[PDB]
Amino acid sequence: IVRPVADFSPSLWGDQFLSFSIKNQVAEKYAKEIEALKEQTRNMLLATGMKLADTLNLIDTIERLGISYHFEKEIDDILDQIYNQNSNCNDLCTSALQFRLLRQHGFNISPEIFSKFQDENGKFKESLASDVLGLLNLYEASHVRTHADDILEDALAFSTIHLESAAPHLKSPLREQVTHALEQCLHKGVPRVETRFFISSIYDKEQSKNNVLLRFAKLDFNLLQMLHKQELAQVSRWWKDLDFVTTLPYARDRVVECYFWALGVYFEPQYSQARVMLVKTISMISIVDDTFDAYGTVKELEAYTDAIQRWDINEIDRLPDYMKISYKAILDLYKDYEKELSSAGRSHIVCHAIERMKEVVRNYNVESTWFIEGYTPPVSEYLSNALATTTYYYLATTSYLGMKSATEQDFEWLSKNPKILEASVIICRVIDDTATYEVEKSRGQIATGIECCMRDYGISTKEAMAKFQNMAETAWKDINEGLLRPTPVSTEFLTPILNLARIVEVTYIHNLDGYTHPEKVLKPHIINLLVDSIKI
């Protein structure tokens, strides 16, 4: 058997993450000061007699600074009061911010708040084009709409054209904030990534910045970063002790990038165990993906797929040696998970992720069959297989394993493929298909998403790309609607699904596969989040 020649770029990180020794004196010093700053900030939030605009701006700043996870109760209380008081009497910047913050927190505020800013036709009043702060907040708000918000249909185009026009003449850091927002809106960004940018490039440079908030944000970011580096060290050692870099050299070596993905799903300290479990799964399924895509023969992949369905160490002998390596590692990893969850009495929940993994692998094998047979399915059939091969049903399920509050009912809800999950999966599918269409076409993949779309509807590549873009827009509206109260499960179990969608947007920004080629996009994020501390 002649295997195809390897082509993936090596890990660009070497061993620079393998050993991190926390400075406990510095960590304890940061924690002690943060306790004081946290209380000062709580008192700011609880201050009586604040105007609506000031209250919304304070909450917005605390959220962008990445320290709002300390104040979930306080912020919820305040937004709930604002939601139920229904003050519709403010300028564009306050109205748009009010709308965004409430919707992001699940409060279903009416989009009629924008009617006063529009003419008879429902188009935004062009007289608003000289209000830059209003336009910026309208821009950010436009990204949180649902299918019930067609009154905002014009908001993105309107805010964008006039922000672009205004930008070159704006003072700093407002200019940089506007320019950044046009590249990456807040709602669809990865939270730590946007937080790092906001602290260092914007708030640190604001003449009017609150010094207590800025110091709090910097110390908290850097303290959490120490935990993340410990986790990544622990994960780097685990990966090193598996040595797939040598024994499975056909596979993408990307455990740092996998860690960045897990960090995007949740960054908070209470999700430490969850992050570490999640990154191990992402790493391991990536090995399997490359095994199906770029090494295994038809016959091997069949045996591998069946072995995964039976999930039994007895089955290793049916596999070639190189497949024995990944197969044992997979079984062992899930045994690791079981032991890791044993003292909490949550071992039994591991079966949910295992069943999702089997699903991914069945559909990997279908994809391989289609490729060999030269089959181009209709779009409906394509999606019935290719949605699971995003791994996103699987990763969302995995994200719950380490979450201490996840119950059987939460897994049961997820198992039914709820709308918000389906939407996140679709976003991953269509954005990846758009970014990778050309290269996969070159590699002979006749069953690529765009190709299936072209043949099915009888339309150009351009038109198919556009249809896929529409599917993504529909899915984002479904995600936003999925966050609205009453939620079917606690919001805590929705945010990982939202964040998986965000990771798609961030990783394939500018229509490129950032996981396979991390140099352009992921490398700067990894450096900013996991290498460089924020200077104080």
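Residues carry their position along the shown sequence, with the first being 1. Superpose the two forms; the largest set of C-alphas matching within 1.5 Å is the rigid core.
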After fitting on the rigid core, which stretch moves more in 7 other deposited structures of this protein, 115-123 or 83-91, going by C-alpha RMS? 83-91
After superposing on the rigid core, which of 441-449 and 191-199 has its C-alpha atoms sitting farther from this form in 7 other deposited structures of this protein? 441-449
Pick between 3-11 and 526-534: the one whose mean CA B-factor in the entry is higher. 3-11
Select between 315-323 and 424-432 the stretch whose C-alpha atoms have the higher average B-factor in the entry. 315-323
Maximum C-alpha temperature factor per the entry, among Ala148, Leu163, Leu242, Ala274, belongs to which one? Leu242
Going by the CA temperature factor in the entry, name the top one among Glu340, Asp80, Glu153, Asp131. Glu340
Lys38: CA temperature factor from the record, placed by chain third, in the middle
Should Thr281 be placed in the lowest, middle or highest third of its chain by the C-alpha B factor in the entry? middle
Assigned third (lowest, middle, highest) for the C-alpha B factor of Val26: highest
Record-listed C-alpha B factor of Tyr382: chain third: middle
Sorting the chain's modelled residues by C-alpha B-factor and splitting them into thirds places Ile199 in the lowest
